[PDB]
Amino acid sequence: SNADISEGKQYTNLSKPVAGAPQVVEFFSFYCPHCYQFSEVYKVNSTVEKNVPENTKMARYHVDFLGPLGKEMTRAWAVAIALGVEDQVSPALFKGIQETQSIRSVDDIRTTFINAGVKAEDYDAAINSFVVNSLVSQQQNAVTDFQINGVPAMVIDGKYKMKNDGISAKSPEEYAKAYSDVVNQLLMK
């Protein structure tokens, strides 16, 4: 029926599935306006995260391929993950990149973390640590392995890619819920 999900409509199959993938992988960029909305305006990410089945394994990876500081912002995200300051710094990073366009050097990245309340010494220790280095490689390798060439993207069980343009919805409230319901149905496939 119309309500049922179908390949080519709400999602597509990856031509080459990824083994050993987290159950839900989100791909984004701080340079990506739709990503900014998914995170800070319309609650798409949080609705998905709040409504997956208990103990679903999730990942959120930044991509390198947008923006003059793309790969530097991938490392920034790794630092945010490593320090547990994702919610603390994400609004400031989106705003700095997209609204004030005041994040132009790696010093500005650091200063944005600091102005958001992050301990400066923790940032400086983490930025080239092995744990951050590995988070960066993990993100970069996932973009390649999952064949991601645009964001926002979300892939379920290494196999099924959401279609941002394939959701049945008439309002943002419906969109976030419908997107989440599709993710959840794909997790059960």
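Numbering starts at 1 and follows the sequence shown.
For the pair 8-16 and 174-182, the record assigns the higher mean C-alpha temperature factor to 8-16. 158-166 and 142-150 differ in mean CA B-factor, and the higher of the two is recorded for 142-150. Highest C-alpha temperature factor among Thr74, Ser105, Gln101, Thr112, as the PDB entry reports it: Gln101. Placement of the Cα temperature factor of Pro53 within the chain: highest third of the modelled residues, per the deposited record. When the modelled residues of the chain are ordered by their C-alpha B factor, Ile127 lands in the middle third. Annotation for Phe65: CA B-factor lies in the highest third of the chain's modelled residues. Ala59: CA B factor lies in the middle third for its chain, per the PDB record. The deposited CA B-factor of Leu135 belongs to the lowest third of values across its chain.
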